[PDB]
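So this first bit is one chain, no partners, the form deposited in one PDB entry, shown in structure tokens.
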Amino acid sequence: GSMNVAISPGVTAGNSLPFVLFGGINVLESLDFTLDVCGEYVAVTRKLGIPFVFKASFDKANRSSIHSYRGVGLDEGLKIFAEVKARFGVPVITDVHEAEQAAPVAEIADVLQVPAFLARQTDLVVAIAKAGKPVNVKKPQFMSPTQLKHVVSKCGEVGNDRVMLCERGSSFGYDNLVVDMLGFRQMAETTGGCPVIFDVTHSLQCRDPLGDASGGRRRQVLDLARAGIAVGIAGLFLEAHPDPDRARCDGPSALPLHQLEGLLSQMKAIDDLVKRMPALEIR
């Protein structure tokens, strides 16, 4: 049933295809820093031969605290993304928080992401689907893997069949996430084989009961990225930073950028292996 989603020339995501890296940074802060980090990803993915889509958010619309950093915002963010595409020739993914942002974002971004908390919001999902690019649906922490089909259906109803499904963990007691590795197959099979993507970064989130900003578990990114990629999936979603303690959002879960090549060579080796091993029909 597997379905393949064409993102840009030489970049197609599909559960039986070599994995695609949706990699970048949490939030857009400035032009040069964005260009410099993206340059590193482009060089590392080109060297290793891994298909690549650059990620960043133009806005963090859901920070816990009114005081926390939100990013350069829509207008500056789209200008940064336009310069990233022209400099590197790389497709970009970003998240969309209001219906009215979908069309202008889709002029520049090559994939639009539905945020986890907002994936049940009909008018947002529909507006994102109608914008005419591939959609990455972040699976809410509150949503079981067999319920994503209804989000996919919303998109399908307005003529967008290019939908990918992104795991980022499930709520496990208070202030913690677990990743159910059994969910990847349930997402694919109940949606007609949509590409499934693993957000290893956000799956590492956890928090202090009284904290102002998310905690996170970057020291375990390889453990979890290994597990997910071994299942056999369309993509990996990853954020990095040269010094994660200085990141202005989700630093506790960000990969230190100098370890990108070390992580990706392990992902490519595991992915190339599992992608040539059969499923067993276990009845």
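In this text, residue numbers run from 1 along the sequence as written. We call the rigid core the largest set of C-alpha positions that still match within 1.5 Å between the two forms.
A.B. asks: So which stretch wins on mean C-alpha B-factor, 193-201 or 82-90?
C.D. replies: Averaged over C-alpha atoms, the B-factors run higher in 82-90.
A.B. asks: Comparing 127-135 with 205-213, which has the greater mean CA B-factor as deposited?
C.D. replies: Stretch with the greater average CA B-factor: 205-213.
A.B. asks: Looking at the C-alpha B-factor values in the deposited entry, which of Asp180, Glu167, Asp95, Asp75 comes out highest?
C.D. replies: Result of the comparison over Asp180, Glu167, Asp95, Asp75: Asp75.
A.B. asks: Going by the entry, which of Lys55, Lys60, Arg226, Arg219 has the most elevated CA B factor?
C.D. replies: The listed residue with the largest C-alpha B-factor is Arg219.
A.B. asks: Rank-wise, by C-alpha B-factor, drop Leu264 into the lowest, middle or highest third of its chain.
C.D. replies: Tercile = middle for this residue's CA B-factor.
A.B. asks: Would you mind checking where the Cα B-factor of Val20 ranks among the modelled residues of its chain, as the lowest, middle or highest third?
C.D. replies: Lowest third - that is where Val20 ends up once the chain's C-alpha B-factors are sorted.
A.B. asks: Considering every modelled residue of the chain and its Cα B-factor in the PDB entry, is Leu148 in the lowest, middle or highest third?
C.D. replies: Tercile = lowest for this residue's CA B-factor.
A.B. asks: Going by the recorded CA B-factors, say which third of the chain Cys38 sits in, lowest, middle or highest.
C.D. replies: Top third by C-alpha B-factor.
A.B. asks: For the chain shown, is the CA B-factor of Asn160 in the lowest, middle or highest third of its modelled residues?
C.D. replies: Top third by C-alpha B-factor.
Not on display, but discussed next: the form deposited in another entry.
A.B. asks: Report the residue, chosen from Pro256, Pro252, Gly232, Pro51, for which the CA moves 2 Å or more between the shown form and the other one after the rigid core is overlaid.
C.D. replies: Single hit from the list, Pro252.
A.B. asks: So with the core overlaid, does the Cα of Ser64 end up 2 Å or more away between the shown form and the other one?
C.D. replies: Yes, the C-alpha position differs by at least 2 Å between the shown form and the other one.
A.B. asks: Knowing the shift is 3 Å or more, I'd like to know if the C-alpha atoms of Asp250 and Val53 are closer or farther apart in the other form than in the shown chain.
C.D. replies: It is farther: in the other form, the C-alpha atoms of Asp250 and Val53 lie at least 3 Å more apart than they do here.
A.B. asks: Regarding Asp175 and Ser65, go with closer or farther for their CA spacing in the other form versus this form, the difference being 3 Å or more.
C.D. replies: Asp175 and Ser65 sit farther apart in the other form.
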